[PDB]
>>> print(open('model-v6.txt').read())   # compact mmCIF, N, CA and C atoms and all ligand atoms
# COMPACT_ATOMS: atom_id res chain seq x y z
N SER A 7 20.18 163.78 150.93
CA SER A 7 18.83 164.06 150.44
C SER A 7 17.95 164.74 151.51
N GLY A 8 16.87 165.40 151.07
CA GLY A 8 15.98 166.06 152.00
C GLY A 8 15.32 167.29 151.38
N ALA A 9 14.12 167.66 151.87
CA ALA A 9 13.43 168.81 151.31
C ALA A 9 12.63 169.52 152.40
N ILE A 10 12.22 170.79 152.14
CA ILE A 10 11.36 171.53 153.04
C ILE A 10 10.01 171.58 152.35
N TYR A 11 8.93 171.28 153.06
CA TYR A 11 7.58 171.33 152.48
C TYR A 11 6.80 172.41 153.16
N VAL A 12 6.53 173.54 152.50
CA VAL A 12 5.80 174.65 153.13
C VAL A 12 4.73 175.13 152.18
N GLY A 13 3.47 175.16 152.63
CA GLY A 13 2.35 175.53 151.76
C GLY A 13 2.30 174.63 150.54
N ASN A 14 2.25 175.22 149.34
CA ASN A 14 2.26 174.42 148.12
C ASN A 14 3.63 174.44 147.45
N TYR A 15 4.71 174.47 148.25
CA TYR A 15 6.07 174.53 147.74
C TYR A 15 6.92 173.41 148.33
N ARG A 16 7.90 172.92 147.55
CA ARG A 16 8.90 171.94 147.97
C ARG A 16 10.25 172.64 147.71
N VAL A 17 11.12 172.76 148.74
CA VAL A 17 12.42 173.40 148.57
C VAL A 17 13.50 172.32 148.63
N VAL A 18 14.33 172.21 147.60
CA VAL A 18 15.40 171.20 147.56
C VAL A 18 16.73 171.83 147.19
N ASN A 19 17.86 171.06 147.33
CA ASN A 19 19.13 171.52 146.76
C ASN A 19 18.96 171.46 145.24
N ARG A 20 19.35 172.53 144.55
CA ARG A 20 19.20 172.57 143.10
C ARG A 20 19.92 171.39 142.40
N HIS A 21 21.10 171.00 142.90
CA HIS A 21 21.86 169.90 142.30
C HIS A 21 21.21 168.53 142.50
N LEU A 22 20.23 168.42 143.41
CA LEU A 22 19.51 167.17 143.65
C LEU A 22 18.07 167.21 143.13
N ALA A 23 17.64 168.33 142.47
CA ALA A 23 16.26 168.41 141.97
C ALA A 23 15.96 167.28 140.98
N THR A 24 14.75 166.73 141.01
CA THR A 24 14.38 165.64 140.13
C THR A 24 13.79 166.16 138.80
N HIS A 25 13.44 165.24 137.85
CA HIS A 25 12.74 165.63 136.62
C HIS A 25 11.39 166.30 137.00
N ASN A 26 10.72 165.76 138.03
CA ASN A 26 9.44 166.31 138.50
C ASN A 26 9.57 167.70 139.11
N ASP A 27 10.65 167.96 139.86
CA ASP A 27 10.89 169.32 140.39
C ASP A 27 11.03 170.32 139.23
N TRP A 28 11.80 169.97 138.19
CA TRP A 28 11.99 170.88 137.05
C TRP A 28 10.71 171.08 136.24
N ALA A 29 9.88 170.05 136.15
CA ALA A 29 8.61 170.15 135.42
C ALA A 29 7.55 171.02 136.17
N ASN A 30 7.74 171.20 137.48
CA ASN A 30 6.84 172.01 138.29
C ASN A 30 7.63 173.19 138.91
N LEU A 31 8.62 173.71 138.18
CA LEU A 31 9.52 174.76 138.67
C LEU A 31 8.80 176.07 139.02
N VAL A 32 9.13 176.64 140.20
CA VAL A 32 8.64 177.94 140.63
C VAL A 32 9.80 178.95 140.57
N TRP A 33 10.96 178.55 141.10
CA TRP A 33 12.13 179.42 141.14
C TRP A 33 13.38 178.59 141.37
N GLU A 34 14.49 178.98 140.75
CA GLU A 34 15.78 178.32 141.02
C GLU A 34 16.92 179.34 141.00
N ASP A 35 18.00 179.08 141.74
CA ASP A 35 19.15 179.99 141.75
C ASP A 35 20.40 179.14 141.92
N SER A 36 21.17 178.95 140.83
CA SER A 36 22.39 178.15 140.84
C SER A 36 23.41 178.73 141.82
N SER A 37 23.47 180.08 141.94
CA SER A 37 24.41 180.70 142.88
C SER A 37 24.08 180.38 144.36
N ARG A 38 22.84 179.98 144.67
CA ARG A 38 22.46 179.63 146.06
C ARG A 38 22.33 178.11 146.29
N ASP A 39 22.40 177.31 145.19
CA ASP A 39 22.16 175.88 145.17
C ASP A 39 20.72 175.57 145.63
N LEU A 40 19.73 176.41 145.26
CA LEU A 40 18.34 176.17 145.65
C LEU A 40 17.41 176.04 144.46
N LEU A 41 16.38 175.22 144.63
CA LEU A 41 15.30 175.08 143.65
C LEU A 41 14.00 174.91 144.44
N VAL A 42 12.93 175.57 143.98
CA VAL A 42 11.61 175.46 144.60
C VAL A 42 10.65 174.98 143.51
N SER A 43 9.88 173.94 143.81
CA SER A 43 8.86 173.39 142.90
C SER A 43 7.47 173.42 143.58
N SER A 44 6.39 173.35 142.78
CA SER A 44 5.03 173.38 143.33
C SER A 44 4.53 171.98 143.67
N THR A 45 3.69 171.89 144.70
CA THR A 45 3.10 170.63 145.12
C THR A 45 1.57 170.76 145.11
N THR A 46 0.87 169.63 145.07
CA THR A 46 -0.59 169.64 145.15
C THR A 46 -1.04 169.51 146.63
N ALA A 47 -0.25 168.82 147.47
CA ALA A 47 -0.58 168.64 148.87
C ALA A 47 0.04 169.75 149.73
N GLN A 48 -0.64 170.09 150.83
CA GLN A 48 -0.20 171.12 151.78
C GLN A 48 1.00 170.62 152.60
N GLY A 49 2.06 171.42 152.68
CA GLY A 49 3.30 171.05 153.35
C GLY A 49 3.28 170.97 154.86
N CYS A 50 4.23 170.20 155.44
CA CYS A 50 4.34 169.94 156.86
C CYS A 50 5.17 170.98 157.66
N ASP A 51 6.04 171.76 157.00
CA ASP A 51 6.97 172.70 157.65
C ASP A 51 6.53 174.17 157.72
N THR A 52 7.17 174.99 158.59
CA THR A 52 6.99 176.43 158.73
C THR A 52 8.43 177.09 158.75
N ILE A 53 8.60 178.29 158.17
CA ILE A 53 9.92 178.92 157.96
C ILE A 53 10.24 179.95 159.04
N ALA A 54 11.46 179.94 159.56
CA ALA A 54 11.87 180.95 160.53
C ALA A 54 12.00 182.32 159.84
N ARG A 55 11.63 183.40 160.55
CA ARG A 55 11.81 184.78 160.05
C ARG A 55 12.51 185.48 161.22
N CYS A 56 13.84 185.33 161.27
CA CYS A 56 14.62 185.75 162.43
C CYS A 56 16.07 185.97 162.02
N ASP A 57 16.92 186.37 163.00
CA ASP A 57 18.35 186.47 162.77
C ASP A 57 19.13 185.51 163.67
N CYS A 58 18.54 184.36 164.01
CA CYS A 58 19.21 183.36 164.86
C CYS A 58 20.53 182.93 164.23
N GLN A 59 21.57 182.72 165.05
CA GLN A 59 22.85 182.20 164.58
C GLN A 59 23.22 180.90 165.32
N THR A 60 22.24 180.25 165.99
CA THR A 60 22.39 178.94 166.63
C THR A 60 21.13 178.12 166.24
N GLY A 61 21.28 176.83 166.19
CA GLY A 61 20.19 175.94 165.81
C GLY A 61 20.65 174.49 165.86
N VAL A 62 19.85 173.59 165.31
CA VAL A 62 20.14 172.16 165.29
C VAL A 62 19.92 171.65 163.85
N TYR A 63 20.84 170.83 163.32
CA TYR A 63 20.65 170.26 161.97
C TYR A 63 20.64 168.75 161.98
N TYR A 64 19.98 168.14 160.97
CA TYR A 64 20.00 166.69 160.87
C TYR A 64 21.14 166.25 159.94
N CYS A 65 21.98 165.32 160.43
CA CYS A 65 23.13 164.77 159.70
C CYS A 65 22.82 163.29 159.34
N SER A 66 22.38 163.03 158.11
CA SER A 66 22.02 161.66 157.72
C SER A 66 23.20 160.67 157.75
N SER A 67 24.45 161.14 157.54
CA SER A 67 25.63 160.26 157.59
C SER A 67 26.02 159.82 159.03
N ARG A 68 25.31 160.33 160.05
CA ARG A 68 25.45 159.92 161.44
C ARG A 68 24.08 159.51 162.05
N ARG A 69 22.96 159.67 161.30
CA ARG A 69 21.60 159.43 161.80
C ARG A 69 21.37 160.20 163.11
N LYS A 70 21.85 161.44 163.16
CA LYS A 70 21.80 162.23 164.40
C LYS A 70 21.57 163.69 164.12
N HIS A 71 21.06 164.41 165.12
CA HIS A 71 20.92 165.86 165.08
C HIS A 71 22.08 166.44 165.91
N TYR A 72 22.64 167.56 165.46
CA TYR A 72 23.74 168.22 166.17
C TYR A 72 23.44 169.69 166.34
N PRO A 73 23.80 170.26 167.49
CA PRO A 73 23.63 171.72 167.66
C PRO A 73 24.80 172.48 166.96
N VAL A 74 24.52 173.65 166.33
CA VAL A 74 25.55 174.42 165.65
C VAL A 74 25.46 175.91 165.96
N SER A 75 26.61 176.59 165.89
CA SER A 75 26.70 178.05 165.87
C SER A 75 27.09 178.32 164.40
N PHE A 76 26.35 179.19 163.68
CA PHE A 76 26.66 179.39 162.26
C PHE A 76 26.84 180.87 161.89
N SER A 77 27.58 181.15 160.83
CA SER A 77 27.80 182.53 160.39
C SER A 77 26.57 183.07 159.67
N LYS A 78 26.45 184.40 159.59
CA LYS A 78 25.35 185.04 158.88
C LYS A 78 25.44 184.70 157.37
N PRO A 79 24.29 184.67 156.67
CA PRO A 79 24.32 184.36 155.23
C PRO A 79 25.27 185.26 154.44
N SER A 80 26.17 184.66 153.65
CA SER A 80 27.20 185.41 152.95
C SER A 80 27.70 184.70 151.69
N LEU A 81 28.56 185.38 150.90
CA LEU A 81 29.13 184.92 149.62
C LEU A 81 30.41 184.20 149.98
N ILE A 82 30.47 182.87 149.74
CA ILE A 82 31.60 182.03 150.12
C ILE A 82 32.13 181.21 148.94
N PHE A 83 33.46 181.14 148.76
CA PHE A 83 34.03 180.35 147.67
C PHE A 83 33.80 178.83 147.91
N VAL A 84 33.28 178.12 146.88
CA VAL A 84 33.04 176.69 146.93
C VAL A 84 33.80 176.05 145.78
N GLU A 85 34.67 175.11 146.12
CA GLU A 85 35.49 174.39 145.15
C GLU A 85 34.61 173.62 144.12
N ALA A 86 35.16 173.35 142.91
CA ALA A 86 34.43 172.61 141.89
C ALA A 86 34.02 171.23 142.39
N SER A 87 32.89 170.74 141.90
CA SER A 87 32.40 169.40 142.19
C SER A 87 31.82 168.85 140.87
N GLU A 88 31.23 167.64 140.86
CA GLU A 88 30.62 167.12 139.64
C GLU A 88 29.38 167.94 139.20
N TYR A 89 28.79 168.67 140.16
CA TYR A 89 27.59 169.46 139.94
C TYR A 89 27.81 170.88 139.53
N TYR A 90 28.91 171.50 139.97
CA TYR A 90 29.15 172.90 139.67
C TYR A 90 30.62 173.19 139.40
N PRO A 91 30.90 174.23 138.60
CA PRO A 91 32.29 174.69 138.50
C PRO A 91 32.66 175.41 139.80
N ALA A 92 33.97 175.71 140.00
CA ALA A 92 34.41 176.49 141.16
C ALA A 92 33.73 177.87 141.07
N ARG A 93 33.09 178.31 142.17
CA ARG A 93 32.33 179.56 142.12
C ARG A 93 32.08 180.10 143.53
N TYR A 94 31.50 181.29 143.65
CA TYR A 94 31.07 181.79 144.97
C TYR A 94 29.61 181.44 145.13
N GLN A 95 29.26 180.76 146.21
CA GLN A 95 27.87 180.43 146.50
C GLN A 95 27.36 181.53 147.45
N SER A 96 26.21 182.13 147.14
CA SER A 96 25.66 183.21 147.97
C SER A 96 24.65 182.70 149.01
N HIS A 97 24.32 183.54 150.03
CA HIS A 97 23.32 183.22 151.08
C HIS A 97 23.70 181.91 151.84
N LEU A 98 25.01 181.66 152.00
CA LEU A 98 25.50 180.43 152.62
C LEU A 98 25.97 180.71 154.05
N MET A 99 25.67 179.79 154.98
CA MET A 99 26.02 179.96 156.39
C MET A 99 26.92 178.82 156.80
N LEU A 100 28.11 179.11 157.36
CA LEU A 100 29.03 178.04 157.73
C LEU A 100 28.99 177.74 159.20
N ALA A 101 29.34 176.51 159.51
CA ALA A 101 29.42 176.06 160.90
C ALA A 101 30.40 174.89 161.00
N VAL A 102 30.88 174.63 162.21
CA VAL A 102 31.72 173.49 162.49
C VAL A 102 30.78 172.33 162.82
N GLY A 103 30.90 171.28 162.05
CA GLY A 103 30.09 170.09 162.21
C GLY A 103 30.39 169.09 161.11
N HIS A 104 30.04 167.83 161.35
CA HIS A 104 30.27 166.78 160.36
C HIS A 104 29.29 166.86 159.21
N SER A 105 29.77 166.65 157.98
CA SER A 105 28.90 166.57 156.82
C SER A 105 29.68 165.91 155.69
N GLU A 106 28.98 165.08 154.95
CA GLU A 106 29.41 164.39 153.74
C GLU A 106 28.43 164.81 152.58
N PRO A 107 28.83 164.66 151.31
CA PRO A 107 27.96 165.10 150.20
C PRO A 107 26.48 164.62 150.25
N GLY A 108 26.26 163.38 150.68
CA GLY A 108 24.90 162.84 150.79
C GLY A 108 24.05 163.49 151.88
N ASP A 109 24.68 164.30 152.75
CA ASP A 109 23.97 164.99 153.81
C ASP A 109 23.19 166.22 153.30
N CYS A 110 23.41 166.67 152.06
CA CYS A 110 22.70 167.84 151.49
C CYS A 110 21.21 167.61 151.55
N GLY A 111 20.49 168.60 152.02
CA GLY A 111 19.04 168.47 152.17
C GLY A 111 18.62 168.33 153.62
N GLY A 112 19.56 168.00 154.52
CA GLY A 112 19.24 167.93 155.96
C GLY A 112 18.83 169.31 156.46
N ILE A 113 17.78 169.38 157.26
CA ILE A 113 17.24 170.65 157.71
C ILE A 113 17.98 171.23 158.92
N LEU A 114 18.19 172.54 158.90
CA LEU A 114 18.71 173.30 160.04
C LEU A 114 17.50 174.07 160.61
N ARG A 115 17.25 173.95 161.92
CA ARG A 115 16.12 174.64 162.55
C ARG A 115 16.56 175.40 163.78
N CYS A 116 15.87 176.51 164.06
CA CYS A 116 16.04 177.23 165.32
C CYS A 116 14.66 177.17 166.04
N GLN A 117 14.51 177.85 167.18
CA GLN A 117 13.22 177.84 167.92
C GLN A 117 12.05 178.41 167.09
N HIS A 118 12.34 179.13 166.00
CA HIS A 118 11.31 179.79 165.17
C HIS A 118 10.85 179.01 163.96
N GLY A 119 11.57 177.95 163.61
CA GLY A 119 11.20 177.14 162.46
C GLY A 119 12.41 176.80 161.62
N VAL A 120 12.17 176.44 160.37
CA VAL A 120 13.23 176.06 159.43
C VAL A 120 14.08 177.25 159.00
N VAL A 121 15.41 177.13 159.17
CA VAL A 121 16.39 178.15 158.79
C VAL A 121 16.95 177.92 157.36
N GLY A 122 17.28 176.67 157.06
CA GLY A 122 17.88 176.34 155.76
C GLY A 122 18.19 174.87 155.60
N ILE A 123 18.94 174.51 154.54
CA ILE A 123 19.29 173.10 154.34
C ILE A 123 20.78 172.92 154.09
N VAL A 124 21.34 171.76 154.46
CA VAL A 124 22.76 171.46 154.21
C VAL A 124 23.04 171.56 152.68
N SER A 125 24.08 172.29 152.31
CA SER A 125 24.44 172.48 150.91
C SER A 125 25.94 172.26 150.67
N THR A 126 26.81 172.59 151.65
CA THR A 126 28.27 172.41 151.48
C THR A 126 28.89 171.74 152.73
N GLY A 127 30.20 171.44 152.70
CA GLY A 127 30.86 170.87 153.86
C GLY A 127 32.21 170.26 153.54
N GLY A 128 32.72 169.48 154.49
CA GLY A 128 34.00 168.80 154.37
C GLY A 128 34.97 169.30 155.43
N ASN A 129 35.88 168.44 155.86
CA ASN A 129 36.94 168.77 156.82
C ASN A 129 36.45 169.32 158.15
N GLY A 130 35.33 168.79 158.61
CA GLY A 130 34.74 169.24 159.86
C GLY A 130 33.91 170.50 159.73
N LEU A 131 33.56 170.87 158.48
CA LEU A 131 32.66 171.99 158.27
C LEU A 131 31.31 171.52 157.69
N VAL A 132 30.27 172.33 157.90
CA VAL A 132 28.97 172.10 157.27
C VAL A 132 28.39 173.48 156.91
N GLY A 133 27.94 173.63 155.67
CA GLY A 133 27.36 174.87 155.14
C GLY A 133 25.90 174.71 154.82
N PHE A 134 25.10 175.73 155.18
CA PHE A 134 23.65 175.69 154.98
C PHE A 134 23.21 176.81 154.05
N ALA A 135 22.33 176.46 153.09
CA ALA A 135 21.72 177.41 152.17
C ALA A 135 20.55 178.04 152.97
N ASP A 136 20.61 179.35 153.24
CA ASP A 136 19.54 180.04 153.98
C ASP A 136 18.27 180.13 153.15
N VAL A 137 17.08 180.02 153.81
CA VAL A 137 15.80 180.22 153.14
C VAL A 137 14.95 181.30 153.84
N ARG A 138 15.43 181.91 154.94
CA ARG A 138 14.69 182.89 155.74
C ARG A 138 14.36 184.16 155.02
N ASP A 139 15.15 184.53 153.97
CA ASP A 139 14.86 185.73 153.18
C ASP A 139 13.78 185.51 152.12
N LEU A 140 13.38 184.27 151.86
CA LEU A 140 12.38 183.95 150.84
C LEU A 140 10.98 184.11 151.41
N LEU A 141 10.56 185.38 151.55
CA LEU A 141 9.27 185.68 152.19
C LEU A 141 8.06 185.09 151.48
N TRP A 142 8.12 184.99 150.15
CA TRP A 142 7.03 184.47 149.33
C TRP A 142 6.71 182.99 149.61
N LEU A 143 7.62 182.25 150.29
CA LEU A 143 7.34 180.84 150.61
C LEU A 143 6.07 180.72 151.51
N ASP A 144 5.78 181.76 152.31
CA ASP A 144 4.65 181.82 153.26
C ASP A 144 3.34 182.25 152.66
N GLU A 145 3.28 182.51 151.36
CA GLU A 145 2.04 182.93 150.72
C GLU A 145 1.90 182.21 149.39
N1 LIG B 201 26.65 173.45 147.12
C1 LIG B 201 27.58 172.82 146.41
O1 LIG B 201 28.23 173.38 145.53
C2 LIG B 201 27.79 171.35 146.74
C3 LIG B 201 27.40 170.46 145.55
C4 LIG B 201 27.54 168.99 145.93
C5 LIG B 201 28.85 168.64 146.59
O2 LIG B 201 29.24 167.48 146.59
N2 LIG B 201 29.59 169.66 147.12
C6 LIG B 201 30.95 169.39 147.56
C7 LIG B 201 31.07 168.65 148.87
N3 LIG B 201 32.12 168.00 149.22
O3 LIG B 201 31.94 167.60 150.59
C8 LIG B 201 30.71 168.04 150.98
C9 LIG B 201 30.10 167.79 152.20
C10 LIG B 201 28.78 168.20 152.35
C11 LIG B 201 28.11 168.83 151.31
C12 LIG B 201 28.76 169.09 150.11
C13 LIG B 201 30.09 168.71 149.94
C14 LIG B 201 29.25 171.09 147.12
ZN ZN B 202 15.26 181.80 164.87
>>> encode(input="model-v6.txt", output="structure tokens", more="lines below")
Ligand SMILES: NC(=O)[C@H]1CCC(=O)N(Cc2noc3ccccc23)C1
Ligand SMILES: [Zn+2]
Amino acid sequence: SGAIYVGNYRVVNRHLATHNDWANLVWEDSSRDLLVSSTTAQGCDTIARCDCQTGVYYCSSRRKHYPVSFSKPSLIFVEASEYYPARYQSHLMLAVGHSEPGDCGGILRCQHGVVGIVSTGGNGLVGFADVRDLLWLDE
């Protein structure tokens, strides 16, 4: 679990969005596993606008932050789960690191701000859904 709060927006994994997120929907993309909903309160986070390929993410299944080197956002095959059929997930960044399904929503940050959130993983890998291209989050 986990979300990004920026301005009047809440960014979550689409597969973990609540009834309230869908009732206040701004934008969603099943191919990216992202959903953005509107909030009444001003958010605590700021978004990176950079090409960083190193950062630190929070891993709730270890209660720890880990440093990662990650690939540029790209189209990657993701095996079927209870939430989605087997498909290519877009704007996904891979890295070597521990992650379990409940870790989705953990934030990845670089020196510039929030880069993305945990969305995929397994077998010593962790995948992050990028949010740096979503320029409208800042306005
Ligand atoms: N973006 C997706 O399609 C995810 C939907 C929820 C989900 O369980 N997965 C598969 C999964 N197995 O092991 C993981 C470790 C970390 C994060 C996800 C996973 C993929
Ligand atoms: Zn950066």
>>> closest_residue(input="model-v6.txt", among="A:54, A:29, A:47, A:22", to="residue 108 (chain A)", atoms="only C-alpha atoms")
A:22
>>> closest_atom_pairs(input="model-v6.txt", of="region 18-83 of chain A", to="region 112-122 of chain A", cutoff="6.5 Å", atoms="all atoms listed in the file", output="tab-separated table")
residue	atom	partner	partner_atom	distance
A:52	C	A:120	N	4.1
A:53	CA	A:120	N	4.1
A:54	N	A:120	N	3.7
A:55	N	A:118	C	5.6
A:60	C	A:116	CA	5.2
A:61	CA	A:115	C	4.2
A:62	C	A:115	N	4.0
A:63	CA	A:114	CA	4.1
A:64	N	A:113	C	4.2
A:65	N	A:112	CA	5.9
A:66	N	A:112	CA	6.2
>>> axis_aligned_box(input="model-v6.txt", around="ligand LIG 201 (chain B)", padding_each_side="3 Å", output="JSON")
{"center_x": 29.4, "center_y": 170.5, "center_z": 148.9, "size_x": 11.5, "size_y": 12.0, "size_z": 12.8}
>>> atom_distance(input="model-v6.txt", atom1="atom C7 of ligand LIG 201 (chain B)", atom2="CA of residue 44 (chain A)")
27.0 Å
>>> residues_around(input="model-v6.txt", residues="residue 144 (chain A)", least_positions_apart="3", cutoff="8 Å", atoms="all atoms listed in the file", output="list in words")
residues 12, 13, 14, 53, 140 and 141 of chain A
>>> residues_near_ligand(input="model-v6.txt", ligand="ligand LIG 201 (chain B)", cutoff="6.5 Å", atoms="all atoms listed in the file", output="ChimeraX atom specification")
/A:21,38-39,84,86-90,105-110,124-128,132-133
>>> write_last_selection(input="model-v6.txt", atoms="N, CA and C atoms", output="tab-separated table (two decimals), in the frame of the given file")
chain	number	residue	atom	x	y	z
A	21	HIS	N	21.10	171.00	142.90
A	21	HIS	CA	21.86	169.90	142.30
A	21	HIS	C	21.21	168.53	142.50
A	38	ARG	N	22.84	179.98	144.67
A	38	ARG	CA	22.46	179.63	146.06
A	38	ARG	C	22.33	178.11	146.29
A	39	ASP	N	22.40	177.31	145.19
A	39	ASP	CA	22.16	175.88	145.17
A	39	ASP	C	20.72	175.57	145.63
A	84	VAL	N	33.28	178.12	146.88
A	84	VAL	CA	33.04	176.69	146.93
A	84	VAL	C	33.80	176.05	145.78
A	86	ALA	N	35.16	173.35	142.91
A	86	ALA	CA	34.43	172.61	141.89
A	86	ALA	C	34.02	171.23	142.39
A	87	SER	N	32.89	170.74	141.90
A	87	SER	CA	32.40	169.40	142.19
A	87	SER	C	31.82	168.85	140.87
A	88	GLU	N	31.23	167.64	140.86
A	88	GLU	CA	30.62	167.12	139.64
A	88	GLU	C	29.38	167.94	139.20
A	89	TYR	N	28.79	168.67	140.16
A	89	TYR	CA	27.59	169.46	139.94
A	89	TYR	C	27.81	170.88	139.53
A	90	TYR	N	28.91	171.50	139.97
A	90	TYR	CA	29.15	172.90	139.67
A	90	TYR	C	30.62	173.19	139.40
A	105	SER	N	29.77	166.65	157.98
A	105	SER	CA	28.90	166.57	156.82
A	105	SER	C	29.68	165.91	155.69
A	106	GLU	N	28.98	165.08	154.95
A	106	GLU	CA	29.41	164.39	153.74
A	106	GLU	C	28.43	164.81	152.58
A	107	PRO	N	28.83	164.66	151.31
A	107	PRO	CA	27.96	165.10	150.20
A	107	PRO	C	26.48	164.62	150.25
A	108	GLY	N	26.26	163.38	150.68
A	108	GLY	CA	24.90	162.84	150.79
A	108	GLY	C	24.05	163.49	151.88
A	109	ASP	N	24.68	164.30	152.75
A	109	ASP	CA	23.97	164.99	153.81
A	109	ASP	C	23.19	166.22	153.30
A	110	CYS	N	23.41	166.67	152.06
A	110	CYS	CA	22.70	167.84	151.49
A	110	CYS	C	21.21	167.61	151.55
A	124	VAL	N	21.34	171.76	154.46
A	124	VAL	CA	22.76	171.46	154.21
A	124	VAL	C	23.04	171.56	152.68
A	125	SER	N	24.08	172.29	152.31
A	125	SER	CA	24.44	172.48	150.91
A	125	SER	C	25.94	172.26	150.67
A	126	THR	N	26.81	172.59	151.65
A	126	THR	CA	28.27	172.41	151.48
A	126	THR	C	28.89	171.74	152.73
A	127	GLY	N	30.20	171.44	152.70
A	127	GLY	CA	30.86	170.87	153.86
A	127	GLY	C	32.21	170.26	153.54
A	128	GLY	N	32.72	169.48	154.49
A	128	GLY	CA	34.00	168.80	154.37
A	128	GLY	C	34.97	169.30	155.43
A	132	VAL	N	30.27	172.33	157.90
A	132	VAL	CA	28.97	172.10	157.27
A	132	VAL	C	28.39	173.48	156.91
A	133	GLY	N	27.94	173.63	155.67
A	133	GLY	CA	27.36	174.87	155.14
A	133	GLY	C	25.90	174.71	154.82
>>> residues_near_point(input="model-v6.txt", point="(14.6, 168.9, 151.4)", cutoff="6 Å", atoms="only N, CA and C atoms", output="compact mmCIF listing (two decimals) with N, CA and C atoms, in the coordinates of the input")
# COMPACT_ATOMS: atom_id res chain seq x y z
N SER A 7 20.18 163.78 150.93
CA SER A 7 18.83 164.06 150.44
C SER A 7 17.95 164.74 151.51
N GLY A 8 16.87 165.40 151.07
CA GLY A 8 15.98 166.06 152.00
C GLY A 8 15.32 167.29 151.38
N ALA A 9 14.12 167.66 151.87
CA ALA A 9 13.43 168.81 151.31
C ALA A 9 12.63 169.52 152.40
N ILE A 10 12.22 170.79 152.14
CA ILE A 10 11.36 171.53 153.04
C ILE A 10 10.01 171.58 152.35
N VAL A 17 11.12 172.76 148.74
CA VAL A 17 12.42 173.40 148.57
C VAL A 17 13.50 172.32 148.63
N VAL A 18 14.33 172.21 147.60
CA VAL A 18 15.40 171.20 147.56
C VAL A 18 16.73 171.83 147.19
N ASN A 19 17.86 171.06 147.33
CA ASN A 19 19.13 171.52 146.76
C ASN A 19 18.96 171.46 145.24
N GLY A 111 20.49 168.60 152.02
CA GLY A 111 19.04 168.47 152.17
C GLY A 111 18.62 168.33 153.62
N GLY A 112 19.56 168.00 154.52
CA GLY A 112 19.24 167.93 155.96
C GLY A 112 18.83 169.31 156.46
>>> closest_residue(input="model-v6.txt", among="A:92, A:137, A:56, A:100", to="ligand ZN 202 (chain B)", atoms="all atoms listed in the file")
A:56
>>> atom_distance(input="model-v6.txt", atom1="CA of residue 142 (chain A)", atom2="CA of residue 51 (chain A)")
14.4 Å
